[PDB]
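File shown: final21.pdb. Contents: PDB, C-alpha atoms.
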```pdb
ATOM      1  CA  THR D 161       0.000   0.000   0.000  1.00  0.00           C
ATOM      2  CA  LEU D 162       2.930   2.388   0.768  1.00  0.00           C
ATOM      3  CA  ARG D 163       4.117   2.117  -2.880  1.00  0.00           C
ATOM      4  CA  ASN D 164       1.926   4.412  -5.070  1.00  0.00           C
ATOM      5  CA  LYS D 165       1.812   5.347  -8.796  1.00  0.00           C
ATOM      6  CA  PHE D 166       2.784   8.932  -7.818  1.00  0.00           C
ATOM      7  CA  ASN D 167       5.068   7.505  -5.053  1.00  0.00           C
ATOM      8  CA  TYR D 168       7.077   5.229  -7.436  1.00  0.00           C
ATOM      9  CA  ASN D 169       7.460   5.907 -11.206  1.00  0.00           C
ATOM     10  CA  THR D 170       9.180   3.354 -13.522  1.00  0.00           C
ATOM     11  CA  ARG D 171      10.704   4.574 -16.848  1.00  0.00           C
ATOM     12  CA  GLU D 172      12.461   2.304 -19.410  1.00  0.00           C
ATOM     13  CA  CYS D 173      15.530   3.913 -21.102  1.00  0.00           C
ATOM     14  CA  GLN D 174      17.663   2.384 -23.928  1.00  0.00           C
ATOM     15  CA  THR D 175      20.706   3.703 -25.893  1.00  0.00           C
ATOM     16  CA  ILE D 176      20.564   3.810 -29.741  1.00  0.00           C
ATOM     17  CA  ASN D 177      23.034   1.230 -31.183  1.00  0.00           C
ATOM     18  CA  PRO D 178      24.050   1.122 -34.907  1.00  0.00           C
ATOM     19  CA  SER D 179      23.319  -2.311 -36.498  1.00  0.00           C
ATOM     20  CA  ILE D 180      26.534  -4.412 -36.861  1.00  0.00           C
ATOM     21  CA  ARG D 181      27.435  -5.026 -40.554  1.00  0.00           C
ATOM     22  CA  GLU D 182      30.068  -7.236 -42.288  1.00  0.00           C
ATOM     23  CA  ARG D 183      31.814  -5.894 -45.449  1.00  0.00           C
ATOM     24  CA  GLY D 184      34.826  -7.216 -47.432  1.00  0.00           C
ATOM     25  CA  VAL D 185      37.181  -4.784 -49.261  1.00  0.00           C
ATOM     26  CA  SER D 186      40.024  -5.927 -51.605  1.00  0.00           C
ATOM     27  CA  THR D 187      42.767  -3.508 -52.837  1.00  0.00           C
ATOM     28  CA  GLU D 188      45.162  -4.416 -55.673  1.00  0.00           C
ATOM     29  CA  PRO D 189      47.861  -2.011 -57.042  1.00  0.00           C
ATOM     30  CA  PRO D 190      47.980  -0.747 -60.655  1.00  0.00           C
ATOM     31  CA  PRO D 191      49.197  -3.276 -63.240  1.00  0.00           C
ATOM     32  CA  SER D 192      52.902  -3.048 -63.957  1.00  0.00           C
ATOM     33  CA  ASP D 193      54.511  -3.904 -67.288  1.00  0.00           C
ATOM     34  CA  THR D 194      58.072  -4.878 -68.291  1.00  0.00           C
ATOM     35  CA  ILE D 195      59.785  -2.426 -70.729  1.00  0.00           C
ATOM     36  CA  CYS D 196      63.122  -3.024 -72.561  1.00  0.00           C
ATOM     37  CA  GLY D 197      64.898  -0.017 -74.165  1.00  0.00           C
ATOM     38  CA  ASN D 198      68.155  -0.060 -76.204  1.00  0.00           C
ATOM     39  CA  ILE D 199      69.806   3.329 -77.008  1.00  0.00           C
ATOM     40  CA  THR D 200      72.567   3.760 -79.661  1.00  0.00           C
ATOM     41  CA  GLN D 201      74.417   6.900 -80.902  1.00  0.00           C
ATOM     42  CA  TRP D 202      72.965   6.511 -84.450  1.00  0.00           C
ATOM     43  CA  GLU D 203      69.373   6.069 -83.110  1.00  0.00           C
ATOM     44  CA  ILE D 204      69.744   9.196 -80.883  1.00  0.00           C
ATOM     45  CA  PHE D 205      71.201  11.110 -83.885  1.00  0.00           C
ATOM     46  CA  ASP D 206      68.388   9.874 -86.204  1.00  0.00           C
ATOM     47  CA  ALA D 207      65.657  11.230 -83.857  1.00  0.00           C
ATOM     48  CA  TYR D 208      67.731  14.448 -83.418  1.00  0.00           C
ATOM     49  CA  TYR D 209      68.224  14.696 -87.232  1.00  0.00           C
TER      50      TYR D 209
ATOM     51  CA  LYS S   5      73.962  24.395 -97.777  1.00  0.00           C
ATOM     52  CA  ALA S   6      71.131  23.359 -95.354  1.00  0.00           C
ATOM     53  CA  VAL S   7      71.136  19.573 -94.565  1.00  0.00           C
ATOM     54  CA  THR S   8      73.974  18.836 -97.075  1.00  0.00           C
ATOM     55  CA  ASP S   9      76.227  21.518 -95.455  1.00  0.00           C
ATOM     56  CA  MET S  10      75.352  20.148 -91.963  1.00  0.00           C
ATOM     57  CA  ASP S  11      77.630  17.333 -90.628  1.00  0.00           C
ATOM     58  CA  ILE S  12      77.245  15.071 -87.536  1.00  0.00           C
ATOM     59  CA  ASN S  13      80.109  16.983 -85.807  1.00  0.00           C
ATOM     60  CA  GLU S  14      78.594  20.288 -87.095  1.00  0.00           C
ATOM     61  CA  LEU S  15      75.029  19.393 -85.922  1.00  0.00           C
ATOM     62  CA  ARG S  16      76.200  18.536 -82.357  1.00  0.00           C
ATOM     63  CA  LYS S  17      78.274  21.781 -82.157  1.00  0.00           C
ATOM     64  CA  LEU S  18      75.476  23.944 -83.707  1.00  0.00           C
ATOM     65  CA  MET S  19      72.752  22.951 -81.174  1.00  0.00           C
ATOM     66  CA  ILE S  20      73.305  21.689 -77.565  1.00  0.00           C
ATOM     67  CA  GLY S  21      69.827  22.713 -76.268  1.00  0.00           C
ATOM     68  CA  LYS S  22      67.803  20.539 -78.715  1.00  0.00           C
ATOM     69  CA  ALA S  23      65.475  18.105 -76.845  1.00  0.00           C
ATOM     70  CA  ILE S  24      64.377  14.778 -78.479  1.00  0.00           C
ATOM     71  CA  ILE S  25      61.856  12.303 -76.910  1.00  0.00           C
ATOM     72  CA  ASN S  26      62.097   8.668 -78.167  1.00  0.00           C
ATOM     73  CA  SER S  27      59.702   6.742 -75.840  1.00  0.00           C
ATOM     74  CA  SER S  28      56.727   8.116 -73.813  1.00  0.00           C
ATOM     75  CA  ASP S  29      54.674   5.938 -71.380  1.00  0.00           C
ATOM     76  CA  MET S  30      53.974   8.545 -68.625  1.00  0.00           C
ATOM     77  CA  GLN S  31      51.104  11.128 -68.548  1.00  0.00           C
ATOM     78  CA  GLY S  32      51.994  14.299 -70.535  1.00  0.00           C
ATOM     79  CA  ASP S  33      51.384  16.724 -67.621  1.00  0.00           C
ATOM     80  CA  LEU S  34      53.813  14.644 -65.454  1.00  0.00           C
ATOM     81  CA  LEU S  35      56.377  14.544 -68.341  1.00  0.00           C
ATOM     82  CA  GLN S  36      56.447  18.383 -68.618  1.00  0.00           C
ATOM     83  CA  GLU S  37      57.471  18.752 -64.923  1.00  0.00           C
ATOM     84  CA  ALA S  38      60.112  15.957 -65.241  1.00  0.00           C
ATOM     85  CA  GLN S  39      61.599  17.233 -68.562  1.00  0.00           C
ATOM     86  CA  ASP S  40      62.227  20.787 -67.229  1.00  0.00           C
ATOM     87  CA  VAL S  41      63.874  19.442 -64.003  1.00  0.00           C
ATOM     88  CA  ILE S  42      66.177  16.884 -65.763  1.00  0.00           C
ATOM     89  CA  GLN S  43      67.456  19.375 -68.415  1.00  0.00           C
ATOM     90  CA  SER S  44      68.196  22.080 -65.773  1.00  0.00           C
ATOM     91  CA  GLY S  45      69.825  19.584 -63.356  1.00  0.00           C
ATOM     92  CA  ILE S  46      72.161  17.939 -65.933  1.00  0.00           C
ATOM     93  CA  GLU S  47      73.491  21.334 -67.185  1.00  0.00           C
ATOM     94  CA  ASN S  48      74.107  22.551 -63.575  1.00  0.00           C
ATOM     95  CA  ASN S  49      76.003  19.333 -62.601  1.00  0.00           C
ATOM     96  CA  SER S  50      77.642  18.958 -66.068  1.00  0.00           C
ATOM     97  CA  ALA S  51      80.736  20.888 -64.745  1.00  0.00           C
ATOM     98  CA  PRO S  52      84.046  20.933 -66.750  1.00  0.00           C
ATOM     99  CA  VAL S  53      83.570  17.247 -67.800  1.00  0.00           C
ATOM    100  CA  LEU S  54      80.094  15.590 -67.659  1.00  0.00           C
ATOM    101  CA  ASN S  55      79.809  12.992 -64.824  1.00  0.00           C
ATOM    102  CA  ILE S  56      77.236  10.152 -65.246  1.00  0.00           C
ATOM    103  CA  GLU S  57      77.221   9.527 -61.442  1.00  0.00           C
ATOM    104  CA  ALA S  58      76.874  13.281 -60.667  1.00  0.00           C
ATOM    105  CA  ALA S  59      73.861  13.731 -63.018  1.00  0.00           C
ATOM    106  CA  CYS S  60      72.087  10.610 -61.626  1.00  0.00           C
ATOM    107  CA  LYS S  61      72.602  11.615 -57.945  1.00  0.00           C
ATOM    108  CA  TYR S  62      70.981  15.064 -58.512  1.00  0.00           C
ATOM    109  CA  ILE S  63      68.123  13.540 -60.613  1.00  0.00           C
ATOM    110  CA  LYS S  64      67.496  10.703 -58.087  1.00  0.00           C
ATOM    111  CA  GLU S  65      67.236  13.139 -55.111  1.00  0.00           C
ATOM    112  CA  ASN S  66      64.947  15.600 -57.004  1.00  0.00           C
ATOM    113  CA  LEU S  67      62.615  12.817 -58.302  1.00  0.00           C
ATOM    114  CA  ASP S  68      62.223  11.133 -54.863  1.00  0.00           C
ATOM    115  CA  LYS S  69      61.037  14.421 -53.245  1.00  0.00           C
ATOM    116  CA  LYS S  70      58.968  15.355 -56.370  1.00  0.00           C
ATOM    117  CA  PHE S  71      56.810  12.186 -56.702  1.00  0.00           C
ATOM    118  CA  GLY S  72      57.525   8.866 -54.900  1.00  0.00           C
ATOM    119  CA  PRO S  73      60.049   7.367 -52.402  1.00  0.00           C
ATOM    120  CA  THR S  74      61.524   4.746 -54.822  1.00  0.00           C
ATOM    121  CA  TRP S  75      62.412   6.365 -58.214  1.00  0.00           C
ATOM    122  CA  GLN S  76      65.221   4.913 -60.424  1.00  0.00           C
ATOM    123  CA  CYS S  77      66.733   6.736 -63.476  1.00  0.00           C
ATOM    124  CA  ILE S  78      69.827   5.499 -65.444  1.00  0.00           C
ATOM    125  CA  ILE S  79      71.754   7.505 -68.127  1.00  0.00           C
ATOM    126  CA  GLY S  80      74.448   5.912 -70.373  1.00  0.00           C
ATOM    127  CA  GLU S  81      76.042   6.377 -73.834  1.00  0.00           C
ATOM    128  CA  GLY S  82      74.611   2.988 -74.961  1.00  0.00           C
ATOM    129  CA  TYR S  83      72.789   0.198 -73.064  1.00  0.00           C
ATOM    130  CA  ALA S  84      70.309  -2.733 -73.286  1.00  0.00           C
ATOM    131  CA  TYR S  85      67.878  -3.227 -70.351  1.00  0.00           C
ATOM    132  CA  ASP S  86      64.614  -5.009 -69.367  1.00  0.00           C
ATOM    133  CA  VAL S  87      62.641  -3.079 -66.679  1.00  0.00           C
ATOM    134  CA  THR S  88      59.278  -3.873 -64.971  1.00  0.00           C
ATOM    135  CA  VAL S  89      57.508  -0.589 -63.992  1.00  0.00           C
ATOM    136  CA  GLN S  90      54.023   0.575 -62.808  1.00  0.00           C
ATOM    137  CA  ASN S  91      51.512   1.981 -65.370  1.00  0.00           C
ATOM    138  CA  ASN S  92      52.380   5.579 -66.495  1.00  0.00           C
ATOM    139  CA  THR S  93      55.576   5.591 -64.335  1.00  0.00           C
ATOM    140  CA  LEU S  94      58.240   5.339 -67.116  1.00  0.00           C
ATOM    141  CA  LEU S  95      59.497   8.212 -69.366  1.00  0.00           C
ATOM    142  CA  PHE S  96      62.322   7.707 -71.935  1.00  0.00           C
ATOM    143  CA  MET S  97      64.028  10.784 -73.508  1.00  0.00           C
ATOM    144  CA  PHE S  98      67.575  11.060 -74.990  1.00  0.00           C
ATOM    145  CA  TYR S  99      69.467  14.427 -75.107  1.00  0.00           C
ATOM    146  CA  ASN S 100      71.169  15.659 -78.343  1.00  0.00           C
ATOM    147  CA  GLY S 101      74.500  13.830 -78.892  1.00  0.00           C
ATOM    148  CA  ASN S 102      75.545  10.497 -77.293  1.00  0.00           C
ATOM    149  CA  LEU S 103      73.361  10.875 -74.134  1.00  0.00           C
ATOM    150  CA  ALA S 104      70.541   8.363 -73.374  1.00  0.00           C
ATOM    151  CA  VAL S 105      68.366   9.031 -70.257  1.00  0.00           C
ATOM    152  CA  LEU S 106      65.951   6.473 -68.714  1.00  0.00           C
ATOM    153  CA  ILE S 107      63.699   7.478 -65.746  1.00  0.00           C
ATOM    154  CA  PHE S 108      61.056   5.139 -64.215  1.00  0.00           C
ATOM    155  CA  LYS S 109      59.029   4.865 -60.951  1.00  0.00           C
ATOM    156  CA  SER S 110      59.090   1.556 -58.977  1.00  0.00           C
TER     157      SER S 110
END
```

As structure tokens - that is how I would like this structure written.
Amino acid sequence: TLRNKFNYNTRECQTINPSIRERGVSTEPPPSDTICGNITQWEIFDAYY
Amino acid sequence: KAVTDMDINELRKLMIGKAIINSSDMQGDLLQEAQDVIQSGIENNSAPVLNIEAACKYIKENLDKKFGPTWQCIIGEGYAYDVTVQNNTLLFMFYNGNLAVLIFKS
């Protein structure tokens, strides 16, 4: 009888939580290519000429 | 006169500032920045007698600060090489006379 609606008030409180999610990310560097260059005096002169 | 008068010894003596590009694989905007820096650096470190090691040391230091940590450039009178490089990271340009310059980003 001592406990009363005005005497005791019960309130339910919860904290907002973001939904857990699972994501997969893959990173792969730019493609690299092999280059072979041969330089000769005549070839340099020909471009220059 | 003209081309007939001109000789290989005469052509080299007549123009030392002529720039010739043989192979391009890097973006053009990037090439413009690199071409100005390499030409200025080689002339400054050319000294009384051109030093291959001296030119490479100046170019290697400038390129590392300019773009990426690991940048390799090799210049020689004549050479044969196979190099694996990243896309748009290699520029090949040879200066007038017996001077071949190779610069690539690894």

Between atom CA of residue 45 of chain S and atom CA of residue 108 of chain S, what distance in Å does the model show, to one decimal?
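So the answer is 16.9 Å.
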
Got a sec to resolve the ChimeraX specification (/S :<7) & /D on this structure and send the residues as number ranges by chain?
D: 190-201, 204-205, 207-208

So how many Å separate atom CA of residue 75 of chain S and atom CA of residue 40 of chain S, to one decimal?
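These two atoms are separated by 17.0 Å.
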
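Atom CA of residue 187 of chain D to atom CA of residue 107 of chain S spans 26.9 Å [interatomic distance, one decimal].
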
Using only the atoms of segment 16-20 of chain S listed in the file, plus 8 Å on each side, state the axis-aligned box centre and edge lengths in Å rounded to one decimal, as JSON.
```
{"center_x": 75.5, "center_y": 21.2, "center_z": -80.6, "size_x": 21.5, "size_y": 21.4, "size_z": 22.1}
```

Residues matched by the PyMOL selection byres ((chain S and resi 59) around 9), written as an MDAnalysis selection string:
chainID S and resid 42 45:50 54:58 60:64 79
